[PDB]
Amino acid sequence: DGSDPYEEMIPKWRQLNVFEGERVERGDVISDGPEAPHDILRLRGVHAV
Amino acid sequence: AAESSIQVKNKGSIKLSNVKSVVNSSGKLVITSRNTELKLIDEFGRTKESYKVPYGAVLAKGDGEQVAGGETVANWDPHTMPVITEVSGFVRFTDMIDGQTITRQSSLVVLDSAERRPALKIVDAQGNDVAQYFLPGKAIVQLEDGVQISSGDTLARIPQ
């Protein structure tokens, strides 16, 4: 992302959706499944929650 | 429901947005973007149907076409997500081990992460270098080297 790589760890029990880069924007669904309201507010904004 | 077909209730022209146009083996296009949606406009800007479209789907009718309704407008595999080929031609297979990374069902498995995923680009004609191919668990490629496959075509991936 130009600067400051984001460090995230996947326990490998869940599949990865986007195999390639495809310029994944903030708020994109990296792994399928239900999403918590806590994560929506932090990234997608106050309106989205 | 096992059916992957999408039905349209009313005659509204499809308005596809947030999609990636990739040329396939036929006149239809394959979308490589996970986030996709459909909109219908018939006589006003108000939409009627939304639905959803997964990655690697093939649309039956082109975008902006006034579909009469009641007919499928997009088709996709309900069990597997195909991975298109950015380079058209022969496929270069790297580090093909027989007896360990080959599973007879030609249709042969690529490799197993637990047992051991080499990445290679599709050849232009026979072996020319032109793209990274990722082989996850239980990934199988049914086309051999030199198959001269066209762009936008994908065999069964066999998800784990």
# chains A, B, ... in the order shown; residues from 1 in each chain; ligands from 1
>>> closest_atom_pairs(of="chain B", to="chain A", cutoff="9 Å", atoms="only C-alpha atoms", output="tab-separated table")
residue	atom	partner	partner_atom	distance
B:32	CA	A:22	CA	8.8
B:33	CA	A:22	CA	7.8
B:34	CA	A:18	CA	7.5
B:35	CA	A:28	CA	8.4
B:132	CA	A:20	CA	8.6
B:134	CA	A:19	CA	7.6
>>> write_last_selection(atoms="C-alpha atoms", output="compact mmCIF listing (two decimals), in the first residue's frame")
# COMPACT_ATOMS: atom_id res chain seq x y z
CA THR B 32 -12.96 -10.87 -12.29
CA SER B 33 -14.21 -8.47 -9.59
CA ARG B 34 -15.72 -10.04 -6.47
CA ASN B 35 -18.03 -7.09 -5.75
CA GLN B 132 1.31 -15.56 -11.58
CA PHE B 134 -1.59 -19.74 -7.70
>>> residues_around(residues="residue B:110", least_positions_apart="4", cutoff="9 Å", atoms="only C-alpha atoms", output="ChimeraX atom specification")
/B:93,96-97,101-103,117,135,138-142
>>> write_last_selection(atoms="N, CA, C and O atoms", output="JSON list (two decimals), in the first residue's frame")
[["chain", "number", "residue", "atom", "x", "y", "z"],
["B", 93, "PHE", "N", 3.57, -25.52, -17.23],
["B", 93, "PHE", "CA", 3.49, -26.18, -15.94],
["B", 93, "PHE", "C", 4.89, -26.36, -15.38],
["B", 93, "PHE", "O", 5.77, -26.91, -16.06],
["B", 96, "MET", "N", 6.22, -30.36, -12.14],
["B", 96, "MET", "CA", 5.15, -31.36, -12.18],
["B", 96, "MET", "C", 5.72, -32.70, -11.74],
["B", 96, "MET", "O", 6.51, -33.32, -12.46],
["B", 97, "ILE", "N", 5.32, -33.15, -10.55],
["B", 97, "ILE", "CA", 5.80, -34.40, -9.97],
["B", 97, "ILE", "C", 4.71, -35.45, -10.12],
["B", 97, "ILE", "O", 3.56, -35.22, -9.71],
["B", 101, "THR", "N", 2.16, -35.25, -6.72],
["B", 101, "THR", "CA", 1.32, -34.11, -7.06],
["B", 101, "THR", "C", 0.44, -34.40, -8.28],
["B", 101, "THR", "O", -0.01, -33.46, -8.94],
["B", 102, "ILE", "N", 0.21, -35.67, -8.59],
["B", 102, "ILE", "CA", -0.63, -36.08, -9.71],
["B", 102, "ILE", "C", -1.68, -37.04, -9.20],
["B", 102, "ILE", "O", -1.35, -38.03, -8.53],
["B", 103, "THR", "N", -2.95, -36.76, -9.50],
["B", 103, "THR", "CA", -4.07, -37.59, -9.07],
["B", 103, "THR", "C", -4.95, -37.88, -10.28],
["B", 103, "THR", "O", -5.67, -37.00, -10.76],
["B", 117, "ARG", "N", 3.52, -25.02, -4.32],
["B", 117, "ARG", "CA", 2.66, -24.52, -5.39],
["B", 117, "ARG", "C", 3.43, -23.58, -6.32],
["B", 117, "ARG", "O", 3.43, -22.37, -6.12],
["B", 135, "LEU", "N", -1.84, -22.04, -6.98],
["B", 135, "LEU", "CA", -2.49, -23.35, -6.85],
["B", 135, "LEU", "C", -2.79, -23.61, -5.38],
["B", 135, "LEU", "O", -1.90, -24.05, -4.63],
["B", 138, "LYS", "N", -5.90, -28.76, -3.07],
["B", 138, "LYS", "CA", -6.78, -29.57, -3.92],
["B", 138, "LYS", "C", -7.04, -28.93, -5.28],
["B", 138, "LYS", "O", -8.01, -29.30, -5.96],
["B", 139, "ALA", "N", -6.20, -27.99, -5.70],
["B", 139, "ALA", "CA", -6.37, -27.37, -7.00],
["B", 139, "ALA", "C", -5.95, -28.34, -8.10],
["B", 139, "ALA", "O", -4.85, -28.91, -8.06],
["B", 140, "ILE", "N", -6.82, -28.52, -9.09],
["B", 140, "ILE", "CA", -6.58, -29.44, -10.19],
["B", 140, "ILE", "C", -6.77, -28.70, -11.51],
["B", 140, "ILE", "O", -7.72, -27.93, -11.67],
["B", 141, "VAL", "N", -5.85, -28.92, -12.44],
["B", 141, "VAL", "CA", -5.91, -28.35, -13.78],
["B", 141, "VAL", "C", -6.05, -29.50, -14.77],
["B", 141, "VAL", "O", -5.18, -30.38, -14.82],
["B", 142, "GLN", "N", -7.12, -29.48, -15.55],
["B", 142, "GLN", "CA", -7.43, -30.57, -16.47],
["B", 142, "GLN", "C", -6.78, -30.41, -17.84],
["B", 142, "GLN", "O", -6.91, -31.31, -18.68]]
>>> select_by_dssp(residues="chain A", states="alpha helix (DSSP H)", output="list in words")
residues 37, 38, 39, 40, 41, 42 and 43 of chain A
>>> write_last_selection(atoms="C-alpha atoms", output="compact mmCIF listing (two decimals), in the first residue's frame")
# COMPACT_ATOMS: atom_id res chain seq x y z
CA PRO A 37 -20.65 -3.96 13.57
CA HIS A 38 -17.36 -3.17 15.33
CA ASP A 39 -15.30 -3.62 12.16
CA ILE A 40 -17.78 -1.67 10.01
CA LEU A 41 -17.47 1.49 12.12
CA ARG A 42 -13.66 1.45 12.16
CA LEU A 43 -13.21 1.16 8.39
>>> closest_residue(among="B:12, B:78, B:62, B:70", to="residue B:50", atoms="only C-alpha atoms")
B:12
>>> residues_around(residues="residue B:19", least_positions_apart="6", cutoff="12 Å", atoms="only C-alpha atoms", output="ChimeraX atom specification")
/A:22 /B:29-38,52-59,63
>>> write_last_selection(atoms="N, CA and C atoms", output="PDB file, in the first residue's frame")
ATOM      1  N   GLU A  22      -5.675  -6.971  -7.366  1.00  0.00           N
ATOM      2  CA  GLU A  22      -6.884  -6.335  -7.886  1.00  0.00           C
ATOM      3  C   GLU A  22      -7.155  -4.976  -7.245  1.00  0.00           C
TER       4      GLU A  22
ATOM      5  N   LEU B  29     -18.505 -11.878 -21.768  1.00  0.00           N
ATOM      6  CA  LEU B  29     -17.414 -11.390 -20.939  1.00  0.00           C
ATOM      7  C   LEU B  29     -17.475 -12.036 -19.562  1.00  0.00           C
ATOM      8  N   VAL B  30     -16.306 -12.186 -18.945  1.00  0.00           N
ATOM      9  CA  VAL B  30     -16.170 -12.785 -17.622  1.00  0.00           C
ATOM     10  C   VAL B  30     -15.696 -11.709 -16.657  1.00  0.00           C
ATOM     11  N   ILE B  31     -16.351 -11.621 -15.504  1.00  0.00           N
ATOM     12  CA  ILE B  31     -16.043 -10.604 -14.507  1.00  0.00           C
ATOM     13  C   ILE B  31     -15.070 -11.179 -13.488  1.00  0.00           C
ATOM     14  N   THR B  32     -13.973 -10.462 -13.251  1.00  0.00           N
ATOM     15  CA  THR B  32     -12.958 -10.872 -12.290  1.00  0.00           C
ATOM     16  C   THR B  32     -13.062 -10.136 -10.962  1.00  0.00           C
ATOM     17  N   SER B  33     -14.037  -9.245 -10.806  1.00  0.00           N
ATOM     18  CA  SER B  33     -14.206  -8.468  -9.586  1.00  0.00           C
ATOM     19  C   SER B  33     -15.221  -9.152  -8.680  1.00  0.00           C
ATOM     20  N   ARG B  34     -14.843  -9.347  -7.413  1.00  0.00           N
ATOM     21  CA  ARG B  34     -15.717 -10.042  -6.474  1.00  0.00           C
ATOM     22  C   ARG B  34     -16.995  -9.255  -6.210  1.00  0.00           C
ATOM     23  N   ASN B  35     -16.889  -7.936  -6.074  1.00  0.00           N
ATOM     24  CA  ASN B  35     -18.035  -7.092  -5.749  1.00  0.00           C
ATOM     25  C   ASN B  35     -18.717  -6.656  -7.040  1.00  0.00           C
ATOM     26  N   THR B  36     -19.887  -7.229  -7.316  1.00  0.00           N
ATOM     27  CA  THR B  36     -20.664  -6.896  -8.501  1.00  0.00           C
ATOM     28  C   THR B  36     -22.143  -6.871  -8.147  1.00  0.00           C
ATOM     29  N   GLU B  37     -22.911  -6.097  -8.911  1.00  0.00           N
ATOM     30  CA  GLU B  37     -24.346  -5.983  -8.711  1.00  0.00           C
ATOM     31  C   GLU B  37     -25.010  -5.648 -10.039  1.00  0.00           C
ATOM     32  N   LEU B  38     -26.316  -5.890 -10.104  1.00  0.00           N
ATOM     33  CA  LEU B  38     -27.101  -5.642 -11.302  1.00  0.00           C
ATOM     34  C   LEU B  38     -28.237  -4.675 -10.998  1.00  0.00           C
ATOM     35  N   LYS B  52     -27.089 -10.484  -7.152  1.00  0.00           N
ATOM     36  CA  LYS B  52     -25.648 -10.377  -6.981  1.00  0.00           C
ATOM     37  C   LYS B  52     -24.982 -11.269  -8.017  1.00  0.00           C
ATOM     38  N   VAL B  53     -23.700 -11.004  -8.266  1.00  0.00           N
ATOM     39  CA  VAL B  53     -22.923 -11.742  -9.249  1.00  0.00           C
ATOM     40  C   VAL B  53     -21.569 -12.088  -8.642  1.00  0.00           C
ATOM     41  N   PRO B  54     -21.192 -13.360  -8.571  1.00  0.00           N
ATOM     42  CA  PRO B  54     -19.873 -13.720  -8.046  1.00  0.00           C
ATOM     43  C   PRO B  54     -18.792 -13.551  -9.108  1.00  0.00           C
ATOM     44  N   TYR B  55     -17.548 -13.711  -8.668  1.00  0.00           N
ATOM     45  CA  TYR B  55     -16.416 -13.603  -9.575  1.00  0.00           C
ATOM     46  C   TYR B  55     -16.409 -14.761 -10.566  1.00  0.00           C
ATOM     47  N   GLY B  56     -15.917 -14.483 -11.771  1.00  0.00           N
ATOM     48  CA  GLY B  56     -15.849 -15.504 -12.797  1.00  0.00           C
ATOM     49  C   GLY B  56     -17.172 -15.862 -13.430  1.00  0.00           C
ATOM     50  N   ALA B  57     -18.159 -14.976 -13.360  1.00  0.00           N
ATOM     51  CA  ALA B  57     -19.468 -15.235 -13.936  1.00  0.00           C
ATOM     52  C   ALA B  57     -19.498 -14.835 -15.405  1.00  0.00           C
ATOM     53  N   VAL B  58     -20.395 -15.469 -16.155  1.00  0.00           N
ATOM     54  CA  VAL B  58     -20.576 -15.203 -17.577  1.00  0.00           C
ATOM     55  C   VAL B  58     -21.987 -14.669 -17.776  1.00  0.00           C
ATOM     56  N   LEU B  59     -22.091 -13.477 -18.358  1.00  0.00           N
ATOM     57  CA  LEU B  59     -23.381 -12.842 -18.589  1.00  0.00           C
ATOM     58  C   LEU B  59     -23.977 -13.340 -19.901  1.00  0.00           C
ATOM     59  N   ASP B  63     -24.421  -5.803 -21.299  1.00  0.00           N
ATOM     60  CA  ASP B  63     -24.889  -4.714 -20.455  1.00  0.00           C
ATOM     61  C   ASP B  63     -25.624  -3.670 -21.287  1.00  0.00           C
TER      62      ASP B  63
END
>>> residues_around(residues="residue B:85", least_positions_apart="3", cutoff="9 Å", atoms="only C-alpha atoms", output="JSON, numbers by chain")
{"B": [88, 122, 131, 133, 149, 150, 151, 152, 153, 154]}
>>> closest_residue(among="A:36, A:31, A:23, A:47", to="residue A:2", atoms="only C-alpha atoms")
A:23
>>> residues_around(residues="residue B:148", least_positions_apart="3", cutoff="10 Å", atoms="only C-alpha atoms", output="NGL selection string")
:B and (88-91 or 122-126 or 143-145 or 151)
>>> atom_distance(atom1="atom CA of residue B:159", atom2="atom CA of residue B:109")
11.3 Å
>>> select_by_dssp(residues="stretch 34-130 of chain B", states="strand (DSSP E)", output="list in words")
residues 37, 38, 39, 40, 41, 58, 59, 74, 75, 108 and 109 of chain B
>>> write_last_selection(atoms="N, CA and C atoms", output="PDB file, in the first residue's frame")
ATOM      1  N   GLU B  37     -22.911  -6.097  -8.911  1.00  0.00           N
ATOM      2  CA  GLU B  37     -24.346  -5.983  -8.711  1.00  0.00           C
ATOM      3  C   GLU B  37     -25.010  -5.648 -10.039  1.00  0.00           C
ATOM      4  N   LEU B  38     -26.316  -5.890 -10.104  1.00  0.00           N
ATOM      5  CA  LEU B  38     -27.101  -5.642 -11.302  1.00  0.00           C
ATOM      6  C   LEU B  38     -28.237  -4.675 -10.998  1.00  0.00           C
ATOM      7  N   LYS B  39     -28.514  -3.796 -11.959  1.00  0.00           N
ATOM      8  CA  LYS B  39     -29.599  -2.833 -11.860  1.00  0.00           C
ATOM      9  C   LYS B  39     -30.436  -2.890 -13.129  1.00  0.00           C
ATOM     10  N   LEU B  40     -31.738  -2.662 -12.975  1.00  0.00           N
ATOM     11  CA  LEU B  40     -32.685  -2.743 -14.079  1.00  0.00           C
ATOM     12  C   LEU B  40     -33.366  -1.398 -14.278  1.00  0.00           C
ATOM     13  N   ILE B  41     -33.322  -0.898 -15.510  1.00  0.00           N
ATOM     14  CA  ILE B  41     -34.006   0.326 -15.906  1.00  0.00           C
ATOM     15  C   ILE B  41     -34.886  -0.008 -17.102  1.00  0.00           C
ATOM     16  N   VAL B  58     -20.395 -15.469 -16.155  1.00  0.00           N
ATOM     17  CA  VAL B  58     -20.576 -15.203 -17.577  1.00  0.00           C
ATOM     18  C   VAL B  58     -21.987 -14.669 -17.776  1.00  0.00           C
ATOM     19  N   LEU B  59     -22.091 -13.477 -18.358  1.00  0.00           N
ATOM     20  CA  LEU B  59     -23.381 -12.842 -18.589  1.00  0.00           C
ATOM     21  C   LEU B  59     -23.977 -13.340 -19.901  1.00  0.00           C
ATOM     22  N   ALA B  74     -27.287 -13.896 -16.637  1.00  0.00           N
ATOM     23  CA  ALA B  74     -25.920 -14.198 -16.245  1.00  0.00           C
ATOM     24  C   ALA B  74     -25.864 -15.627 -15.730  1.00  0.00           C
ATOM     25  N   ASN B  75     -24.789 -16.331 -16.073  1.00  0.00           N
ATOM     26  CA  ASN B  75     -24.601 -17.718 -15.672  1.00  0.00           C
ATOM     27  C   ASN B  75     -23.231 -17.886 -15.037  1.00  0.00           C
ATOM     28  N   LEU B 108      -5.702 -33.977 -14.187  1.00  0.00           N
ATOM     29  CA  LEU B 108      -4.765 -34.330 -13.132  1.00  0.00           C
ATOM     30  C   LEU B 108      -4.653 -33.180 -12.143  1.00  0.00           C
ATOM     31  N   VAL B 109      -4.435 -33.528 -10.873  1.00  0.00           N
ATOM     32  CA  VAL B 109      -4.268 -32.503  -9.849  1.00  0.00           C
ATOM     33  C   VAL B 109      -2.929 -31.795 -10.037  1.00  0.00           C
TER      34      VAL B 109
END
>>> closest_residue(among="B:155, B:68, B:84, B:120", to="residue B:11", atoms="only C-alpha atoms")
B:68
